[PDB]
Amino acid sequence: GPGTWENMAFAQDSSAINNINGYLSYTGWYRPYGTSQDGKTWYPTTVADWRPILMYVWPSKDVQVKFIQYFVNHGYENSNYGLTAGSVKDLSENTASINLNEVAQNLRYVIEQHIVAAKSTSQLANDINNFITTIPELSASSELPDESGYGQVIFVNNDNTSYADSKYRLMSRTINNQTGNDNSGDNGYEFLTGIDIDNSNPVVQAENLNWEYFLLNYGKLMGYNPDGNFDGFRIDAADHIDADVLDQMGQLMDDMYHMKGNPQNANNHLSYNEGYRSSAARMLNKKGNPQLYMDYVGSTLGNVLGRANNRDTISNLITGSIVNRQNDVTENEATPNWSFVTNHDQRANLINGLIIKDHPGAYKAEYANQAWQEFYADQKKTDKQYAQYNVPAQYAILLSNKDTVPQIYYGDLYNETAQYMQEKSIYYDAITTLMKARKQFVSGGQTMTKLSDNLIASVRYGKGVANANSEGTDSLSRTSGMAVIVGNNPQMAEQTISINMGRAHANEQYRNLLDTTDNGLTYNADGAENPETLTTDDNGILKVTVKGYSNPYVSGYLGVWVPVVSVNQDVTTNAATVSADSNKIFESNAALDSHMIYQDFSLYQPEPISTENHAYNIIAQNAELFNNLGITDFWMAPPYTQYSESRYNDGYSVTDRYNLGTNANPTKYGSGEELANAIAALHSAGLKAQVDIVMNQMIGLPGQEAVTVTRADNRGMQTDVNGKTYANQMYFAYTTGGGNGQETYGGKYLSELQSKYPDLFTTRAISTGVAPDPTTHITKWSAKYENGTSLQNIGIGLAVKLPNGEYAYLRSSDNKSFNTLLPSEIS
C-alpha cells in the first residue's frame, strides 16, 4: 500500500542519509523509504535508489519556488500533473505553503519519470548543479571571492563543529612577529593558497621534526640506495609559516650534524629559505643564521637589464641587494644569502599573464602550449616583447657577485617544457661558460663602479686579495680575479674605459673570456671590438673598448676579462672545522661563496613519457656534468605525491608528505627508489642535495569535514569583501588526508628523536611558550591541525537548517554528540 509518508528516509543513519560530521547538505543525496511517478503506486527503494535532498527540502520558500520553475523550464514540465511554464510562473514566496508543496510533490513525480526514461540519476544531478548556480545563497559565489577570484576562510571554534576546535591556530606569526607582538608590521602573512597548516600547534611542530628526520635519512629508512639521503633543506613559503619551525629545523640540524662550531659541518648541510622580505634577513641574523636568506637582487637584475622599456639605472646592481657591493672587501659581515636571476615563480608569472593576454580572461583551457611557443619565439628575437633581455649579462653579474650563494635556473640552461634535459637553451653556452669561469677565477674582494647611468664595471680581485691595494696571499692570487663590464643601453656611444683590476695585477695579460659582437657573443675575440689578450698598465688599469649592441644575447654591452693562465685552477676556499664565531651557523665568506645552487626543475616541466625520461634517472646519469659546472648543492623539486587534478603536477600540491613515488606510481620526477639513486649519484660526485620542504599547505585532501569559518583576509583577520562578509558559518571543506605515508611514517621517528636529542622536546617555542609535543602522532591531517583553507569553490549555504534555526543533525557513528533532528519532509 502507498502514501507520501514514504518520502521519509529509509533510516536516520549514514547508510541512507548523506552527511558530513552529522550535518546535511542541499547538494546531499539520501534514500527515501519509497518513490512514486504518478501518485498512486509507491515502490519501496533499494539501497541503490538514492535521490538528491534539494527535491524534498529547501532553504526557504523563495528557493522552493525557483527550484520548481527551473526544473519545469528545463525539461521537467508535464501538464497531466499541472506543470507548464504557464502553471508555475505566478507562484512566489507568498503562495500557500500547502499549495507549493503539492506543486513540489508533483514535480517529484515527473523527476522519477525522467529517471526511469534515462535509466539513471545523472541528468538530474547535472540539473541540480546547474540549478544551484542560479541561486545566490546556495552557489559557489556565496563564499565571497575577491575581485581577482581569490580569498581564504579561517577555521574557528564552534559548538556544532567542536571536534575541529583548537587552542592554537596562531596566525601570521612569521619573522619579527613570532610572538604576535607586531601584527601590523613587516612580518609576512599566513595564507598563500590551499589548506593552510597550523605550524603553531605543538603537535604539528613535532610532526615537522619527524618529517625532516625521515628526509635527511630517506634512502636508509626506506631501504632504497642507502647513500640516498638529503643533506639539507630549501624551505618553501618560509615567510608564511609560524617561525617556530624554522627555529626547530635549525635545532635538529645542529643536533644531528654539529654545525654551530664547524663551518665545514654547517656548509655540508646547507639550508635556504624562500622569502625575500628584508625583515627576514634581520630575523635570521638575530638568530645566528640557521638558514640562508633569499636576496632580492634578481629582481634588481631584471629591472636593470631584463626589461625592454623602462630600465632602472645601472647603479642599482650595487645597492639593490641585501648586500652593498660599492666596495665589499670584508668577510663574515654580509647576511648569508642565496640569490638568482630567475626562479620557478617568476617564469610562471610571465607565462600566466601571457595566458590572459592571448585569451580575454576566458575559460582556462590548456593554451599554455600557445604561451610557451610565444615565449620561445620572443626569446630568440633581438627586439623581444616579453622574455628577459640580457640574460647572459645577468648571470655574469650574479656569478661574479661576492657574498652570495648563486642559484641557477634549470630553465635558463634548458628548454624547460621539452623532456628533462633533452633541449639546451640558446643561453646554455654563455651561462655554462661563466659558471666554469667562476670555479677557476671568482674570488677575493669586489668593487662595483659606475662609469655611466648605463655602464658598470664589477671587479673581483682574485683569491686571497682582499681589496684593490692588496699584494696577494694565496699563490692563485696573481692569476685569478675577473672584470665584468655590463652596459644596459643598446645605443651607447663607442668609447674607451678604464677598469682598476687591483694592484695585484700590474702588467698582466688578460684573456677575452667573453665579448659582445654584432650577432651576439664571441668566446675567442672573433668579431668583437677587443683583441683576445690585453695587458694592464703599471697601476693595474685595463684599457677596454665598449659600445652599444643590440642582438638576441645583448641589448647593451657585455664583456668579461680573466687572467691568462697555462693551467686549470680552482679558487674554492675550504672551510676550517672551528669558526670565526661560535654563535653562528652560516657565515658569508670565501668558503660559502664557493658553493653554487642549481634549481633542478621548472613547474612547466612535462610529464615523462618513458622511465628513461624520469628527471631522477637523467640526473643520476649527469652527476659529473653538474660537478664539472662548479655546482656543489642541488635543490630538488618537492618530491611528494600530488593531487591528481593539479595544474602542473609539480610538487607544491602535496597529498602525501612521505610518499615520494613508487615503481608504478611516480611523481613527475620519478620513484623514490630513483630519487635515492640520483641523490647518491650526486654524492658520488662530491655534490650535496637539498629537498624542497612544504610545511605551509596541503592541496587535494579527499576527506570533507564540517568546519566553522569566517571570511578572512590573507592574515587570518576577518575581511569585509565588497560590502559583504560572514563569520561563524558552517562549511563542508576538504580537510582530511595524508595517504598511507602519513599513516605509516607519521610520528614514527619521534621516540628515536627523543632518546638521542631530548632538547628538541624540552625547548619552549617562541610563539607558543611550549615545546613540541611528541606524545601525539599525526597519522592523518584534519581541520584540528589547520588554520583554514583558501576558498574551495563550494559556497556557504550548503548546510541544511530547519525552520526553527538549528542545523539538521544525525546521530550516525563517530557522530553521536547531540540529538537527531531531520527536516519535516524526511520523517
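We number the residues from 1 along the sequence you see.
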Comparing 643 to 651 with 288 to 296, the higher average Cα temperature factor in the PDB entry belongs to 643 to 651
Per the PDB entry, mean CA B-factor is higher for 182 to 190 or 86 to 94, namely for 86 to 94
Scanning 265, 330, 162, 470 for peak Cα temperature factor in the entry gives 470
From 336, 723, 556, 232, the top C-alpha temperature factor is at 723
Residue 773: CA B-factor among chain residues, third -> lowest
Here the Cα B-factor of residue 429, set against its chain, lands in the third termed lowest
In terms of its chain's C-alpha B-factors, the third that includes residue 50 is the highest
In terms of its chain's C-alpha B-factors, the third that includes residue 145 is the middle
Residue 453: C-alpha B-factor third of its chain, per the entry, is the highest
